[PDB]
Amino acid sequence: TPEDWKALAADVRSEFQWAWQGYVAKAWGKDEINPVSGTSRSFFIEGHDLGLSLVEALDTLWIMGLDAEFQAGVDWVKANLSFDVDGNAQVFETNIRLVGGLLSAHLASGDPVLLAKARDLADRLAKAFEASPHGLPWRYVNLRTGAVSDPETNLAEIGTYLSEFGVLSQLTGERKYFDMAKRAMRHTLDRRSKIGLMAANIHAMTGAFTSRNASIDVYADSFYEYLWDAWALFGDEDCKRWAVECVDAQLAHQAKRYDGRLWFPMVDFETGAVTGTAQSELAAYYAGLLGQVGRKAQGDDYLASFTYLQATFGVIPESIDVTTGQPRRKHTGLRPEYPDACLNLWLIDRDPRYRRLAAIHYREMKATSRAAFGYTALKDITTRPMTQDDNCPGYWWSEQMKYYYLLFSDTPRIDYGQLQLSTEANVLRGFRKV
């Protein structure tokens, strides 16, 4: 019997609404729900929540036609959400989750207050860039005072701003946001080695690399996405060039096969010698990026490595040893990168194979992570049943439920040909208002 995709989309929507009801009941205005205990936790600043999961959920709610829920969230933001807070926030997370979540909600609704708040927050983050003579942001900034801390940063945390900041520039008319984000990326690209790689670790004050490890994985990953995404969103010719150059250097020097499967271990950024044996689950994003930049066959080959992990382990292990293809960790973060890749590859030619693979992933989420008041990260994927931890990460609200729904629903609320997603799955182009 063929899959009824519209029925599966309706199930995703029903589950998302049910989870939202749990958030309203147990964690209203709080950063994250802990859906096993039915409690909440803070994310950015302990004891000073910023409605994180509410903000992350907004564009998903709108796309699903959960309009009353969307409006309840928007109305909470407009009455309550302030960033004039004497506490330290991690610049990268604050941008991709809160700036991006407010921007997607603004684009869906047209509500100027959501743009005002996104821009206020971006101006607070700008102080972290201004505190470096290179324009490389410090990792943490005090939202009220502008004081910075921790300049020992990385490509992801200096280079995952251009989509949100560039959209701010388009909407506001002020080019400063785009320019600030692009300058930080150019800095590290100008320090590529002769083999075209950057080390992942960079110092905001010296402007120098602080390791020799090139990576496609955690601490690097979304830099490479945002090069392509800036071409797609803004027509930026430098970023188009840089995206393809970086990926082809990675394919030349980091693509390695182990037991017949493609992986991308870390390598010395100058010599290409392999310097690690781990790959995280989060690297699955790269299968989709490979397709986006015109390397679809290679993207499908990399997706197949993660499809192997899903078929073998049920849930993709949080980290594996590439030399054995086995888990290095037993816990998970309820991670979204596999359906991320499936959606991105599916947007190319609508191949039903990607729907089939994402349906496995959704059903496995239901079979493993469902708790009393929502969906939770896992303690141990090796027990039967898999044991649960007690946390719904904020990204769940923006990412995998949206990915599943976009893959299955063919919703008229999205122009699929114009759809653009941030690394947190915030929709930055493609809304079709009702």
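Note that residue numbering follows the sequence shown and begins at 1.
Participant: Determine, for stretches 104-112 and 82-90, which one has the higher mean CA B-factor as deposited.
Facilitator: Looking at the record's C-alpha B-factors, the answer is 82-90.
Participant: Between 381-389 and 394-402, name whichever shows the higher mean Cα B factor according to the PDB entry.
Facilitator: Result: 381-389.
Participant: Compare the CA B factors listed in the entry for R257, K117, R186, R124 and report the winner.
Facilitator: Reading the PDB entry, the winner on C-alpha B-factor is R257.
Participant: Between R335, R139, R328, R355, which carries the biggest CA temperature factor in the record?
Facilitator: By C-alpha B-factor in the record, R328 ranks first.
Participant: Divide the modelled residues of the chain into thirds by Cα B-factor and specify which third, lowest, middle or highest, holds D49.
Facilitator: It falls in the middle third of the chain.
Participant: Report the third (lowest, middle or highest) to which the CA temperature factor of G235 belongs, ranking only the modelled residues of the same chain.
Facilitator: Its C-alpha B-factor, which the entry lists for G235, ranks in the highest third among residues of this chain.
Participant: Going by the CA temperature factor in the PDB record, which third of the chain does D415 belong to: lowest, middle or highest?
Facilitator: Top third by C-alpha B-factor.
Participant: Hey, what third does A19 fall into on Cα B-factor, ranked over its chain?
Facilitator: As the PDB entry reports it, the C-alpha B-factor of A19 lands in the middle third of its chain.
Participant: C-alpha B factor of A425, ranked within the chain: lowest, middle or highest third?
Facilitator: According to the entry, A425 has a C-alpha B-factor in the chain's lowest third.
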